[PDB]
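Here is the structure we will look at.
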Amino acid sequence: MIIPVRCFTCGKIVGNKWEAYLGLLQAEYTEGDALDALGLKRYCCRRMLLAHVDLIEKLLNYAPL
Amino acid sequence: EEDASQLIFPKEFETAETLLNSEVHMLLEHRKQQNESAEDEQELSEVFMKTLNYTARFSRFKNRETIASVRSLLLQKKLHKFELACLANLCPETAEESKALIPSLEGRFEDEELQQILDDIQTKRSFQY
Amino acid sequence: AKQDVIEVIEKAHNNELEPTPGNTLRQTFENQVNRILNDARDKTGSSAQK
Amino acid sequence: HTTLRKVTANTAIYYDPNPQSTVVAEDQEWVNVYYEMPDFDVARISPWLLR
Amino acid sequence: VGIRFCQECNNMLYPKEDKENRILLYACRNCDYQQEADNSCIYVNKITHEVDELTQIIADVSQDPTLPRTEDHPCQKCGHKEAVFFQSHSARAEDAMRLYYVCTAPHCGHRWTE
Amino acid sequence: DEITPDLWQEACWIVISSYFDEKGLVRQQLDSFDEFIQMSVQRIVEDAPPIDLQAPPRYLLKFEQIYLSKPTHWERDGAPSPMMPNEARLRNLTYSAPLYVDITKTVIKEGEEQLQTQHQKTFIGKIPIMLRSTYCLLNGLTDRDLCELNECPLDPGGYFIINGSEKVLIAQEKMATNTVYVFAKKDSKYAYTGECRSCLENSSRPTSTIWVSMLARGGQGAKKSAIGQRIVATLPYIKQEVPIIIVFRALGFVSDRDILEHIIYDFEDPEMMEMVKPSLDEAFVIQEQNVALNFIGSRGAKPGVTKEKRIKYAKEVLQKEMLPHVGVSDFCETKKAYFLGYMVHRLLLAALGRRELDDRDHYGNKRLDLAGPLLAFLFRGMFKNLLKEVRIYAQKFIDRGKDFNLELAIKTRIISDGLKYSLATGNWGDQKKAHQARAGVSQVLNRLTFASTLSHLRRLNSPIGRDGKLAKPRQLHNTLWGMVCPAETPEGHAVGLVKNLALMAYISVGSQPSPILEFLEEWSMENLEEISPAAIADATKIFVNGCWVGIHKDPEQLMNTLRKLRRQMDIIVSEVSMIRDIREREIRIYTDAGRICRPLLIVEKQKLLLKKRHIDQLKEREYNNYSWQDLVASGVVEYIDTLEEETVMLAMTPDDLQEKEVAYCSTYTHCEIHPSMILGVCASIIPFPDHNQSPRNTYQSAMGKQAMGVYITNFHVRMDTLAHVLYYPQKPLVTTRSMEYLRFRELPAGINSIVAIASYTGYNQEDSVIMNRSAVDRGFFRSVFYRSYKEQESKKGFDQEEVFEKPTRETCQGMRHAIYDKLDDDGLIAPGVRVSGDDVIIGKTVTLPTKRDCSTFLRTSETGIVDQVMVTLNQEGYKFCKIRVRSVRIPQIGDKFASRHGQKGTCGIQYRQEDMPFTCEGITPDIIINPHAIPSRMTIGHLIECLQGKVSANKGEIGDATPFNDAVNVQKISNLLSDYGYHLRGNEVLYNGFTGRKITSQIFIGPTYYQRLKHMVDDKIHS
Amino acid sequence: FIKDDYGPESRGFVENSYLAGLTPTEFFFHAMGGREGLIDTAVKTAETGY
Ligand SMILES: [Zn+2]
Ligand SMILES: [Zn+2]
Ligand SMILES: [Zn+2]
């Protein structure tokens, strides 16, 4: 549902990078360019950000109890 | 000591003639009609009601003409009376199915002739829509 | 193989192809084309193994 | 096993009033010589044919 | 091989033979009208049925977009290069493999086989 | 101007985007129901026979109009409160709307005084409403409103909620009606079959089929051999086979020449004439029309005692029972004969071999019945019984002389329960009726995954019975191209019987043929009644829904005008299809529903009608009041059905038709937008399916449905018996363009994995896989499991009733050893309590004539925490509650993991990060698969996908997975990878975790997308 | 494909390897061949087990 805390392969933190990843996308930066800025040299971590879906956005639409 | 596959059963049932599930429904309907209106008696037993639903659900024929035609068609052959109702009630799709379900047929029926009999039953059995 | 199949098709188109005594023209044409395609797969496949 | 169907090309039922008519022109040349011998011609012959 | 209808009731004229005049005449049964037959042929039957398909091919297939078009063979009586060709559609001739050409001109409708 | 090939790749996908934006993925479900609820329901009521009651007092009851209101819930108070679709699922009640009918009765008591009363909006009953339909509460609502109602905006709908269960009406293929088909069967006593099932418009009477057979030459006899082959036609109500020639005599064509005129159009051809001669011999003795009517009535089902009755019975059978579609009145003898002659004429062509036999599997000969057409047939069953109930109820009232109130006469239960029964159990028709039922339809909607839900809605079923048995529905036919997905098919005995609709393909909703019929009259078209039979020899035949409208002198001009009208959205709708059988001089126009068709770009003079300006408007499709419908209006794109696709040329891509060194075909009529659209919902998500083996693509279709993931967004509010939701459903690195339309990107059902294909420690066989224990500890494939428990306390018996309370050991006599501290004072466990093993989660007791415990324990021994508890009142009004138990399943050695293609592989062993083979950069693969699977039970696409995934991740761009995109190539991907300091083929040097020495073989490692299948070891063992 | 076409591509000859990628026409023809195998495999197990 939400971005994982760290890469499942090595263990590098990726949750904190999600907030900056989206901010860079709207800043006219390329999809791959944003990953380099965050400091994801390994392709395993770049996977966690390049092709991630934030489903919690649609779940938050529904009102709570 | 009795087995249907080997055509062994009490000698009393030999004189009896088998009946189809759809045909029995007609007999039950005749019994139901008279009891309901002809005479003022107690309601029919639960056993009678249970078998009526079973016959109606598994009734493979609409009217008596279809039932009579199948009965006449199978009577021309050497089919045993036990197989007469069992084959019609089961309605095997193909000859191979009937022999496995009915071991007796394999004794005196070939793979080709029987297939020409089951398909005839298919042309008689009526579907809902 | 593709060119050979066309040549076989052309022969049948012009009635030049002669059916084998043990088969008819329509079936004979299907046999000749099948061998050309079947042989190509085996020949190309064998080269791949090497 | 071969039948007449596999060896026959075409068939027709023609009408010839008299035995010598042979309305079919092409076969008139060869039927004449064969028919000279009165084989089965001892009496009337039906004017039908099954060539 | 053909079929003829009488003028009285327009019914089948079965072949009948008379013993007096010894002439085959097509006579109706229900109506007394009878007419003589000049063909002297009752019917024919081609066992191999090697009937030419040119008469069967319809001239209106020129406008068909699916049928392939080849300019190698022109029409005999037109000279137009374009000509639509296809194989026999008859199941009887399915065993044989042949090509039938039809002129692509709007009104020619000529059919020929090479 | 024109679309350049360098830009066609982006342009082609833009038009497809508009098609799904306007139509959608469930348009075929909604459209058919909309037609059924808008016109078919009205037609059934309007076409109802008059109700007549007699015993002097005459009562005539007629239904004037039908009024339908939006769904509402009727409680004990009876107020018409709105009933939201979500409420239906939670309360386990059918989602439906009330049905109202206007009834007008005229009563005459022999007093020469007629008076009538008006009944406004009589409560006839109710009709289940398909979700997202015109009458649904969620039609035309913005995404914001749907969330407020606890409904997923991405959910396409198109199903019925019955008793809280979502049911989808599986389309059932049926043989097309009002069509002549000639088939050859070697088992029948006759050589050829003139089968032609004829029915009127939507349905006025039950379908009637007549087989105009032709006796085989095998039989030999004194007279049979002479005449040889004769035609025999069997009437629907005549047991014996009567000669076809006698039928025409019964119509009124006493003259024998007229019989040949209708059958033989070309008198010059003698081959066909000889075939009809023997048929005349049998019917020759019957010369008078009355004798022919007498002859037919002799073998009738119920022959009349008197001679005159036989003629009347035959007259009614031929007029009404026979060929209902061509004519139902008493002045259609000429029209009926012409159609009958055509059937014989069609038989003659097939017998002589000049016409090819109709293909059994041809989808043009098969019609698809959706929820609309299916429910339309069902609605007649209850409505017909509804009149009987009114008649029977009034019968006892009428004979007594007193008027009968209508409120009691109309039965609501039959209409309500009648539709609800079959839609729930799945057995069509009436179980009271003594006939065999139809099982397998209205199945439980598969909500395991969003892709599975989409596939189920578009699911198709092959015909059953004689039609399916004779044909080969399992075998894949050529007609499925672009209409039914070839790869997608369930694996097992029922392989190929169940299929899925193609993405772009949709089934015709249906339309009235009246506008088309009127169009022909004003043009050169001439009806049969006006012309003589001799004019049919040269002209072309025109058919409208299988009806003999009449021949046309010039076929080319009319079709060109007809084509223009279709492209211009004139009186002829784009849905309508016109078929031009050039080889047979037959023009067939079909307007009935159930016709599967797909859009196709129109090509004129080897030039696409779709220009750059059209794409430019589509690029700005939003805020410009431009949609897909505009494209059809401009005539750039139209719809082609299976029959019209028969005589329509297609081009794969514009590059094929623009120019070629050797012209394969210089006359292209239509061009496919993109070939990949042939794939279905489950097949579309597969990259490089062409690179993949056909069985593997079919295998994935089954695995894809079984994959666990986020099925919808509003999962928390709803309660489902089985629902698996993934912790981190991540969109794939390699995605197909069609994936966007499926919305699988928004709701994926898998997690990518850096898969190194190697044989590590020999713990993975052909069917196995090795995981990374450290990765799972970080949430590699973990998912939640939801099981909903339902229970209601109902007063079934006056003496004994169910109640909800704590089953105390003292007050309760019979009980099972378990912990009862979990239950609260109300007998329901509150949310947030951990439950493990055998534990009571809901308290229920029966006051038997002291109470006996009948509570419900956990189905399995799994340890879970209750998520939410719901208390409601069922339809009967009794207290009813639902509770969802939530458990967390950690992937282990017994779980089955499957790639996007290939056979599922169980996790042979889990290894820690240290034990896994690390590369030079320190990247331990998340999953290791057996290399020996790749050869046979796997595809090279896995290696290509790994290569694409490595490039996609390294370059930070989502790869394109178009099956037939020439831009993407293995060599091109390899070159891109080499630019990022990686092997062009993706091979890497992996250092063994146990021993640090380099492995001699360089392993191939890449981020391959993977999905977790529902099959888990915990479920099996816990059972 | 044009009417009455007996060429390699028209009749289902697949000249492209899995690695190279099959043409749209070949993909459907490949599916038809694979479908027959699945049907045969499904019935083969049922008959052989009997
Ligand atoms: Zn990482
Ligand atoms: Zn006459
Ligand atoms: Zn010409």
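Which value, to two decimals, describes the C-alpha radius of gyration of the stretch E:46-114 once divided by 2.2 N^0.38 Å? Write out the running numbers ahead of the final one.
Values: Rg = 12.3 Å, N = 69, 2.2 N^0.38 = 11.0 Å.
In units of the 2.2 N^0.38 Å rule of thumb, it is 1.12.
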Per-bin percent of Cα-Cα distances, the stretch F:595-691 [5 Å]: 2, 11, 19, 19, 19, 17, 10, 2, 0, 0
Candidate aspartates and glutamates for bridging to F:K806, where Cα separation is under 12 Å - those fewer than 8 sequence places away on the same chain excluded: F:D821, F:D824, F:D825, F:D826, F:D853
Nearby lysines by direct alpha-carbon distance to B:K99 (threshold 21 angstrom, same-chain neighbours under 8 apart not counted): B:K77, B:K78, B:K81, B:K124, F:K469, G:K44
Charge dipole (chain F, unit charges on Cβ, about Cα centre) - positive-most of F:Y192, F:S279, F:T847: F:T847
Radius 15 Å from Cβ of F:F918, net charge of other residues (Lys, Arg +1; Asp, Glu -1): +1
For the stretch E:38-54, 3J(HN,Hα) per residue [Karplus equation, 6.51 cos²θ - 1.76 cosθ + 1.60, θ = phi - 60°, Hz, x = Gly/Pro]: 8, 6, 6, 10, 8, 6, 10, 8, 8, 4, 6, 6, 8, 6, 4, 7, 4
Only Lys, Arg (+1) and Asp, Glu (-1) charged, at Cβ; chain A dipole about Cα centre in debye: 420 debye
Tilt relative to chain G, helix G:24-49 - C-alpha long axis, 0 to 90 degrees, to 10: 10 degrees
Efficiency of FRET between E:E50 and F:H932 - r from beta-carbon atoms, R0 41 angstrom, step 0.05: 0.10
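Give, in whole angstrom and from largest to smallest, the semi-axes √(5λ) of the equivalent ellipsoid of the protein assembly as shown, with λ running over the eigenvalues of the Cα gyration tensor.
Over the Cα atoms of the protein assembly as shown, the semi-axes work out to 61, 47, 33 Å.
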If the convex hull is drawn through the Cα atoms of chain F, its volume per residue in Å³: 239 Å³
Between helix C:2-13 and chain C: long-axis angle, C-alpha atoms, 0 to 90°, nearest 10: 10 degrees
Cα→Cβ-extended label distance, 7 Å offset, between A:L25 and F:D330, nm: 7.5 nm
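To check you understand DSSP bridge types, tell me what percent of the beta bridges within the protein assembly as shown (both residues inside) are antiparallel, rounded to 5.
Values: 150 of 169 bridges.
If I count the DSSP bridges inside the protein assembly as shown, around 90 percent turn out antiparallel.
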Pairs beyond 23 Å (Cα-Cα), from F:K336/F:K384; F:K174/F:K302; F:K62/F:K396; C:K50/F:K972: F:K336/F:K384; F:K174/F:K302; C:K50/F:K972
Local electrostatic count, C:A40, Cβ distance below 12 Å [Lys/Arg +1, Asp/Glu -1]: 0
Within the stretch G:17-37: backbone nitrogen closer than 12 Å to the C:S46 label point (7 Å, Cα to C-beta): none
For the stretch F:78-142 and the stretch F:222-239, distance of Cα centres in Å: 53 Å
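Using 18 Å as the Cα-Cα cut-off, could you pick out the over-long pairs in F:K167/F:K411; F:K121/F:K402; F:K553/G:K3; F:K366/F:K499; F:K23/F:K564?
F:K167/F:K411; F:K121/F:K402; F:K553/G:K3; F:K23/F:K564
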Nearby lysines by direct alpha-carbon distance to F:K796 (threshold 18 angstrom, same-chain neighbours under 8 apart not counted): F:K844, F:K851, F:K879
Net charge of neighbours whose Cβ lies under 13 Å from the Cβ of F:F160, counting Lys and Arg as +1 and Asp and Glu as -1: +4
Cα-based convex hull, the stretch F:643-718, per residue volume (Å³, whole number): 183 Å³
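Coordinate-derived values only; no laboratory data. Note that each Cβ is placed from the backbone with ideal geometry, even for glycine, and that neighbours are counted across all protein chains shown.
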